[PDB]
Amino acid sequence: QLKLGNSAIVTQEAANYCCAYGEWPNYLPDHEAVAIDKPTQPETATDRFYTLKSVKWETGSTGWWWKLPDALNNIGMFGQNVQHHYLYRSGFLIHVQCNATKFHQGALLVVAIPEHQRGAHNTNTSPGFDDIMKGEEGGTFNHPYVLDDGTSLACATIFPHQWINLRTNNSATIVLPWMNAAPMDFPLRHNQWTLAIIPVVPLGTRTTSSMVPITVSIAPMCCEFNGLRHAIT
Amino acid sequence: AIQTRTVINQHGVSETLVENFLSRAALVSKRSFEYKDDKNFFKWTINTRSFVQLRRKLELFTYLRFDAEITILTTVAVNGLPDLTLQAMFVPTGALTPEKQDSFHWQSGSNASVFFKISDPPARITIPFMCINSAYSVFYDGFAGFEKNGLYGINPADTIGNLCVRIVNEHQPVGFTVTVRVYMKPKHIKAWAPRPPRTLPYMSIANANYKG
Amino acid sequence: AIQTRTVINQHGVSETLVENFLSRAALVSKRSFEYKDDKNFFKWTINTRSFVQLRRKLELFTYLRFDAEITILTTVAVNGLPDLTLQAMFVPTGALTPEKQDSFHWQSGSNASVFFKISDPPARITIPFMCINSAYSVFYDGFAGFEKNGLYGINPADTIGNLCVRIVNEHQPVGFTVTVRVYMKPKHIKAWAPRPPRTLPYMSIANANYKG
Amino acid sequence: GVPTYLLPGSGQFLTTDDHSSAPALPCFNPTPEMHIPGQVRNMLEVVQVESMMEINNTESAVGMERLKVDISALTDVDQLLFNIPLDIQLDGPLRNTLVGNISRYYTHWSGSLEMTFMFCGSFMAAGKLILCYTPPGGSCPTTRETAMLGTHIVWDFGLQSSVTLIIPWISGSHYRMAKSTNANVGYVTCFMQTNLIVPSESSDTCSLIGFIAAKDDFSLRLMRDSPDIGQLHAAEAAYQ
Amino acid sequence: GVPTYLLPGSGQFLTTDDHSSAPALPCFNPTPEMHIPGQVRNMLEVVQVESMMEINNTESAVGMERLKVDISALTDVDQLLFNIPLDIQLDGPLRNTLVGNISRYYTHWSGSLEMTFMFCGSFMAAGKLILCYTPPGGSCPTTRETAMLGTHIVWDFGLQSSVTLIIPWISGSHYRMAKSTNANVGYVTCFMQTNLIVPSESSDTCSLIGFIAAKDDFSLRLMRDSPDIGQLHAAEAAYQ
Amino acid sequence: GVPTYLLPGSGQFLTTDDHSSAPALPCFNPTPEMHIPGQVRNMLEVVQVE
Numbered sequence: 015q016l017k018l019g020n021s022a023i024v025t026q027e028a029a030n031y032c033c034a035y036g037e038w039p040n041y042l043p044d045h046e047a048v049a050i051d052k053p054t055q056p057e058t059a060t061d062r063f064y065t066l067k068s069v070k071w072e073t074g075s076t077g078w079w080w081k082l083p084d085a086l087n088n089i090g091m092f093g094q095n096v097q098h099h100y101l102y103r104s105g106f107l108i109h110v111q112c113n114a115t116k117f118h119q120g121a122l123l124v125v126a127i128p129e130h131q132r133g134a135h136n137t138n139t140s141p142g143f144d145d146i147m148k149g150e151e152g153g154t155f156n157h158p159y160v161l162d163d164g165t166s167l168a169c170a171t172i173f174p175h176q177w178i179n180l181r182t183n184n185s186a187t188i189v190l191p192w193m194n195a196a197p198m199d200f201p202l203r204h205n206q207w208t209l210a211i212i213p214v215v216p217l218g219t220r221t222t223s224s225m226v227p228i229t230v231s232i233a234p235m236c237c238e239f240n241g242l243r244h245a246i247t
Numbered sequence: 042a043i044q045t046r047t048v049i050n051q052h053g054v055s056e057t058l059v060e061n062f063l064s065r066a067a068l069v070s071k072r073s074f075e076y077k078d087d088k089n090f091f092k093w094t095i096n097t098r099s100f101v102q103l104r105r106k107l108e109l110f111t112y113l114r115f116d117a118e119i120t121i122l123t124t125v126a127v128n137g138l139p140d141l142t143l144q145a146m147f148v149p150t151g152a153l154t155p156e157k158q159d160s161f162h163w164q165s166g167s168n169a170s171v172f173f174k175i176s177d178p179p180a181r182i183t184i185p186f187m188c189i190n191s192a193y194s195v196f197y198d199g200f201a202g203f204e205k206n207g208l209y210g211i212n213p214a215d216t217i218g219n220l221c222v223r224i225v226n227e228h229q230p231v232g233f234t235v236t237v238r239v240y241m242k243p244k245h246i247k248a249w250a251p252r253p254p255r256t257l258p259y260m261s262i263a264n265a266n267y268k269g
Numbered sequence: 042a043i044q045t046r047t048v049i050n051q052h053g054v055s056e057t058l059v060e061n062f063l064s065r066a067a068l069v070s071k072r073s074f075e076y077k078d087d088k089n090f091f092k093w094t095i096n097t098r099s100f101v102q103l104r105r106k107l108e109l110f111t112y113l114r115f116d117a118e119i120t121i122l123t124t125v126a127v128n137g138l139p140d141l142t143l144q145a146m147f148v149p150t151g152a153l154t155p156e157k158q159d160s161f162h163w164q165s166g167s168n169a170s171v172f173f174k175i176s177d178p179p180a181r182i183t184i185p186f187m188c189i190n191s192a193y194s195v196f197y198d199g200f201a202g203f204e205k206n207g208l209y210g211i212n213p214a215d216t217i218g219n220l221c222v223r224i225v226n227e228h229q230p231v232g233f234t235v236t237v238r239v240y241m242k243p244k245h246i247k248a249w250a251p252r253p254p255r256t257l258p259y260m261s262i263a264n265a266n267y268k269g
Numbered sequence: 001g002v003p004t005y006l007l008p009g010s011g012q013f014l015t016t017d018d019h020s021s022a023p024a025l026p027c028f029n030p031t032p033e034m035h036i037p038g039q040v041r042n043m044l045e046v047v048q049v050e051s052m053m054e055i056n057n058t059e060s061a062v063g064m065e066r067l068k069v070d071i072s073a074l075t076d077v078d079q080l081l082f083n084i085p086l087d088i089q090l091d092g093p094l095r096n097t098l099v100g101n102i103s104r105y106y107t108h109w110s111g112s113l114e115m116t117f118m119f120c121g122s123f124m125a126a127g128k129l130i131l132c133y134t135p136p137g138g139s140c141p142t143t144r145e146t147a148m149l150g151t152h153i154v155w156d157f158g159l160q161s162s163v164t165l166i167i168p169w170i171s172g173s174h175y176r177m182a183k184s185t186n187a188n189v190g191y192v193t194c195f196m197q198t199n200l201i202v203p204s205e206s207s208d209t210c211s212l213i214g215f216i217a218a219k220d221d222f223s224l225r226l227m228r229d230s231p232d233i234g235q239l240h241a242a243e244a245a246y247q
Numbered sequence: 001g002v003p004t005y006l007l008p009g010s011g012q013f014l015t016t017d018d019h020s021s022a023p024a025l026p027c028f029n030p031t032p033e034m035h036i037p038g039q040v041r042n043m044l045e046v047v048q049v050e051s052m053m054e055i056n057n058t059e060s061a062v063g064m065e066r067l068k069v070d071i072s073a074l075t076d077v078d079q080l081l082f083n084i085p086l087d088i089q090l091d092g093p094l095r096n097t098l099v100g101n102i103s104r105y106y107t108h109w110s111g112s113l114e115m116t117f118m119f120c121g122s123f124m125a126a127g128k129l130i131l132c133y134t135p136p137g138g139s140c141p142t143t144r145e146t147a148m149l150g151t152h153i154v155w156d157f158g159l160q161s162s163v164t165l166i167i168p169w170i171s172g173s174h175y176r177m182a183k184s185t186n187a188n189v190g191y192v193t194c195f196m197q198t199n200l201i202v203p204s205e206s207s208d209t210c211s212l213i214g215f216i217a218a219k220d221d222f223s224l225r226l227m228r229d230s231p232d233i234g235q239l240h241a242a243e244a245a246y247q
Numbered sequence: 001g002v003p004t005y006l007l008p009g010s011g012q013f014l015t016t017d018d019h020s021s022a023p024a025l026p027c028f029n030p031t032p033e034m035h036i037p038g039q040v041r042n043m044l045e046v047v048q049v050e
C-alpha cells in the first residue's frame, strides 16, 4: 500500500519501484541555504497522491506525456501553493498502473524524462505556451519514435524508466529527486520533469473493442516553497 | 569492398571519461568581416549550437559545467599583409555590446579585453563558469518569461555572453577581409543526466525541431 | 519586454574588495599624433579625470594610494607598415617636459624612458606612489596657492607627472598617424573615506561643476 | 640554454590580468603609510550604511520633495501613501541610494536589506501606519484590508519615531538572450490606519523619511560598468 | 637573464593540447557546485544501459514497427524470425542503440555485450523460441536443425518472459588502406521451435522486444567524430 | 620544452632597470681594489660638509 498523507493507493502488486538516478528526495540542505529566504515545509498538505484522469489505452494509441509540476499546477493544495508562491522545490513519487486481464497484451514504457525540451514537427518556430503547458489533461505523442524532439525511443531507457508488460506486471513506480541545476525553481515557468508513457508493443485482444485504462498518480515529495510570512521587525 | 578483421587489445577506461570525451578545441564560430571606409567587426554570442558536430556531442547530457577556453585565430586577406592589432572583448551578461568599430564600449574598463596582433600566436582566454545555476541547462523544459512574447527552451541563467572582436587601428588605404576563427575548448567538465543521441537532422539552432 | 527571475546563489565577499573593485586596466588616454616633415608627439598629464567611467568610480573615495601600471599600446596608420621605435618618457614633477620630437630633454638620463617597438608586445611600466602626501587627494577642499591666481581643488602634492611618447626615428618619406592608447591599472590600492556617487553629469575635468 | 616554447596567448595584452611589471623608478622610496581614518577594504562596507529613499513616487515632485511623504489631516485613510518596488536596478525609490548605486557596478546581486522609516512630525502628533511586505510573485495590496493580511507591521508614532524593517533576501540580476528585468522582488506599501492627529498649534502636514541599508549577507559579483554616468569643457588640459 | 631558446613547435596552436591559460575574469566567484543527481564521470556508464534493438530487419517497416517481431499462429515454424548481425558500425538492429551511438564516436571498440529479449504476448500465450549465437567466421543458420547445433538457448515463454543472453567479446574497428568493414562479429538468430499457442480470447499476434547493453569489459578508444549527423534556419541569431 | 609566454613589457629597453647583462670580456681580471682615501658611499656625506 502506498500511503502519503490523506491519500492512499490500495493494490496487491507493489514494492518494485525505481529510485530515479539512485537519489531519494530530501529537503534542501542547511549548507545550501545561501539562496532566497527560508523554504517552508508544509509536510501534510501537498505530499499526497494527486490521481490524474485515466487515459484510454487502445490499439491505435501513440503515447502520453505529462509535465511536472505542470500537471499539478491547478490541482488542490499543490495547485493553491504554486499559484500563490514563486519558488518551489519538490521531488515526485509517480505510480502508474495499467489494469488489464490475462487476455490483454502489450508493453508500456513509463519513462521520466528530465528537461524534456520538445520540438515541433516540420517547422522552425518554437512550440508555444499552450502546446507545452497542457495541465492535467497532458499530451499525446505525435511522433513517439523520436519522443517529439528528434531523439530516439530506443535509447530512451537511459532515463529513469519502468516497464509495464501486461503479461508480467501491471504497475510501475518511479521516485524522482530534485533534478535541477538551481536549488529552487519557478513552477509556473519551468517543467522540471516530464513523465511519459509510450507503447512499445501495442494493445491487442481478439474480443469486442479493445480498451484498457492507465491511471497516473503523482505525489509530490519534500515540497518547499519560499515565503507566506517572515519576521520583519 | 574488402572486409578485414583484427584482434583489438584495449585495456583501460580512461579515454571515455567525460573530461576526455568533451575537452576538444572545436571550431565554434567562423565568420569574416571587411575592413574599409554589426558593420566591419566580429560579434558572436557564445553558444555551442553553431555547429552540429559539437551540438550533438554536448546534447548527450542535460546539464554541463565547464570553463570555456576561447582561442581566437585571426587571419587577414587583402581585397602584402601588414601587422594589425586586434581587440577581442568578452562582453558578459549585463555589460553593453558594441555596435560599431569606434563605439565607446570598446574602452570599457570592466570588460575583459585581450589585445593581440595577427603576427603573434593566437589569443586565448579562459572564460570561467558564467551561469548563475550550478550547471548549464543544455535542455530547458520551460520558458524564459511569463507569457510576454513566448521563449521556449531559452534559459535566462544559461547565457555566457558575447565575444566582440574588432581591429584597433585607424583606417588604412587598402581594404582587408579579416577571417576570425574561434576555437572553444571546454574544460573542468562535469556532466549530469545522459540523454538519447539525436537521430534526425537539426532544423534550427533555437529549438529541437525535426523534419522526419 | 520579457521579465525573468533566477535563484542567485552567491557566497563570498572577495569580489567587492577595493583591490578588486579598482584594479582594472582602463583606457585613460587616447590621442593620435602625426609623423611627417606639442607638435607630432604624444604628451599626457597622468590623471584619472580623462574618462568619466573611471573618474566616477575613483571619486567614490576621498583618498587613494595606488601604484599605476601604465600600459602603452601603439598602433600606426599611413597617410605598408614599417618597424618603428618609440620612446615613452615618464616626466615626474620637477623634471622638464619636451616641446618637440628632437628636444634635448628626451635624452635626460634621470627620467624613466622605455624604448619599445610597434612590432613588440605593448610597453608596460609600474609608476610608483608619486604623491608627497600619504594618499592621493581625489577631492581637495582648498587652494594650491595664497590668492595668487586662484586654483581651487588642485592639490600641489597630488601630481603624478607627464607621460611623453615620441618616435625615435629620423624623418621618413611617407607620413604616419600614430595612435597611442594608454591603459592604467592602479594596483596595491588603499582607499579611505567613501563618498556619495555622483548623480549629475560632469561639466569640466578641472572641477566638480554640475548643470542640473 | 633552457629549452622553451611559446604558447597561444603569448604577447597579448589581457586587461584583467595580474602580473608583476617593471618599476619605472626603482630605489624611489614612496611617502610612508600614515593612519588616515575610515579606510574601506571592501565595497560592502559602503553598501551597509543607511541612505535616504526617494519615497514620493510622483513625477511632479522635483528635487528634495522626492525624499519625503507629506501626510496631513486630509488624507482619506484608505489611501496608499507609498509603495516601494524592491527593484534596485529599475528606476524608483532605490536607484539613487548607496545600495542602489554600488549594485549598478555589479551584474548579479543577492541578499537581505533593511528599511528604516523615521517620522518627522511634531512631538504631539499621533496616528498609525501599517507598513507591509509583499513577497515577489505576490499581490501588491491596494486596500488596507489587503494590507493587514500580509506580512505587515502596525506602527503607532506616539513616542515611537522609527521602525527598522528587515527585508529578507532581495535578489536579482541582468539578462540578455536586453529587454529583461526581474518583474518584482517585492514591495513595501504603507497605508493610513487611523488619521494624523495634531494639536492646533502644530502644523497639520507631517512628513516621513525612509532609509535603506544592506545586511551582512548582501552580496555582489560579476563587476560591470555603471550606466549612471555618460558622455567635457577644458578637457585639453592634459595634452597641452 | 635566463638563457632560453625556442624549440620547433613554439607558437603553434595544437587543438588537442592541455595547457593552462589566462582567465578572462579572475576574482570572479562561480556559482558553487550543487549536488545534481545522475552525474556521468565516464561514457561507458552510458553504454552499459539497456536500449531497444530495431529487430525487424525489413525495409517496409517504418517507425515503431522496427522495434518488435510480431509472431502469430501463422508463422511456419521452420522460419527465421530475426537475425541480428553483431556489427555495431554497420546499419541494422544495433546502429540506433546506446551501445551503437556512443561506439560511433570511437574508432576501435572491443568488449562483451548483453542481450535481453522480453516477450510481450498475453499471460496465457505459450510457445518456444530457440535463440542462437554464431561466432564470427561461422555459418549463420538458415534452418532450425542448424540452429540447435550451435551455441543456443531454447526459450519457453510460459511464466518466463525475458532472457538475458550474454554475448562474449564483440570487437571491431575502422580501416583505411574506406571500403572496409568487419564482415561479421556474429549473429543472434531466432527460430520458432513449437508454435504460438494463444487462447481464443487473446490476440493471436504476439510481439517481442529486444534489448542490448554493454558489459564491464566493453571498451572504446581513438575518439573520432560521429557521422550520424550532417549539415540551419535562424542560424544568424548569434552574430546579430 | 618549457611552456612559456611573453608578457606586455617584453623586449623593451627601460633605462632605469637593474638586470644582469652579458660581459663583453669574460676571463678578464680587472685591476684589484686598492684602498684610496676618502670614499663616498652616500651623497648625503657630501651635503653635510660646510
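Protein chains in written order, with the deposited numbering: chain C, 15 to 247; chain A, 42 to 78, 87 to 128, 137 to 269; chain A', 42 to 78, 87 to 128, 137 to 269; chain B, 1 to 177, 182 to 235, 239 to 247; chain B', 1 to 177, 182 to 235, 239 to 247; chain B'', 1 to 50. A prime marks a further copy of an entry chain. Think of the CB as a built atom: it goes at the ideal place given N, C-alpha and C, for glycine as much as any other residue.
Exercise for the section: Identify every run of the alpha helix (DSSP H) within the stretch 76-122 of chain B, keeping only runs that are complete inside it and at least 4 residues long; order them along the chain. Expected result: Whole alpha helix (DSSP H) segments, 4+ residues: 98-102.
Exercise for the section: Answer yes or no: does any C-beta atom of chain A' fall closer than 7 angstroms to that of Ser21(B'')? Expected result: Taking a beta-carbon distance threshold of 7 angstroms, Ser21(B'') does not count as an interface residue toward chain A'.
Practice task
Would you please verify whether the beta carbon of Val47(B'') is less than 7 angstroms from any beta carbon of chain B?
Solution key: Against chain B, the CB of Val47(B'') has no partner CB under 7 angstroms away; the residue lies outside that interface.
Problem - Three CB pairs or more closer than 8 angstroms across the stretch 68-82 of chain C and the stretch 174-183 of chain C - result: Short answer: they don't touch.
Practice task
Check whether the stretch 193-200 of chain A touches the stretch 160-169 of chain B, taking contact to mean three or more Cβ pairs, one atom from each stretch, closer than 8 angstroms.
Solution key: Not touching, per the Cβ criterion.
Practice task
Compute the minimum distance between the beta carbon of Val192(B') and the heavy atoms of the ligand MG, and state whether it is under 6 angstroms.
Solution key: The ligand MG is absent from the structure shown, which contains no ligands of any kind.
Practice task
For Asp70(B'), write down the residues that DSSP places opposite it in a beta bridge.
Solution key: Answer is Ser211(B').
Problem - Euclidean distance between Cα positions of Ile50(C) and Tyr41(C) - result: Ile50(C) and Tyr41(C): Cα-Cα distance of roughly 15 angstroms.
Practice task
Output, in chain order, the set of chain A residues within a Cβ distance shorter than 7 angstroms of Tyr175(B').
Solution key: Neighbours of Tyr175(B') on chain A, chain order: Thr45.
Practice task
Let me know the secondary structure DSSP gives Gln247(B') once reduced to three states.
Solution key: Note: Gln247(B') maps to coil in three-state DSSP.
Practice task
Give a yes or no on whether 7 angstroms exceeds the smallest Cβ distance from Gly9(B) to chain B'.
Solution key: Using beta-carbon distances, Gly9(B) counts as an interface residue toward chain B', with a partner under 7 angstroms.
Problem - Spatial neighbours of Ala126(A') in its chain, beta-carbon cut-off 6 angstroms, leaving aside the 5 residues before and after - result: By the criterion of a C-beta distance shorter than 6 angstroms, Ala126(A') is surrounded in its chain by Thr234, once the five residues flanking it on both sides are discounted.
Problem - Separation of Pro158(C) from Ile146(C), as counted between CA atoms - result: C-alpha separation (whole angstroms): 16 angstroms.
Handout entry: Ordered list of beta strand (DSSP E) runs contained in the stretch 157-212 of chain A, each at least 3 residues
Key = Qualifying beta strand (DSSP E) stretches, in chain order: 169-174, 180-184.
Practice task
Determine whether the Cβ of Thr4(B) lies closer than 7 angstroms to any Cβ atom of chain B'.
Solution key: It does; some Cβ of chain B' falls within 7 angstroms.
Handout entry: Neighbourhood of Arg255(A) by C-beta, 7 angstroms cutoff - its chain only, sequence neighbours within 5 removed
Key = In its chain, beyond the 5 residues on either side, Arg105, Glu108 have a beta carbon closer than 7 angstroms to the beta carbon of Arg255(A).
Practice task
Going by CA-CA distance only, name the one from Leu239(B), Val2(B), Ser10(B), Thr193(B) that's closest to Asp177(A).
Solution key: The option with the nearest alpha carbon to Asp177(A) is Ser10(B).
Practice task
With a threshold of 16 other CB atoms inside 10 Å of the CB of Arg144(B'), please say whether the residue is buried or exposed.
Solution key: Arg144(B') comes out buried.
Problem - Residues in the stretch 117-146 of chain B' having any Cβ partner in chain C nearer than 8 angstroms - result: Per Cβ criterion, the list reads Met118, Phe119, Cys120, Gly121, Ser122, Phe123, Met124, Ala125.
Exercise for the section: Work out the CA separation of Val160(C) and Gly153(C) for me, nearest whole Å. Expected result: Rounded to the nearest angstrom, the two C-alpha atoms are 15 angstroms apart.
Exercise for the section: Would you please verify whether the beta carbon of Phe82(B) is less than 7 angstroms from any beta carbon of chain B''? Expected result: Interface annotation, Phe82(B): not in contact with chain B'', CB-CB separation never under 7 angstroms.
Handout entry: Classification of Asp199(C) by the beta-carbon crowding that lies within 10 angstroms, buried from 16 upward
Key = With 16 or more other Cβ atoms within 10 Å, it is buried.
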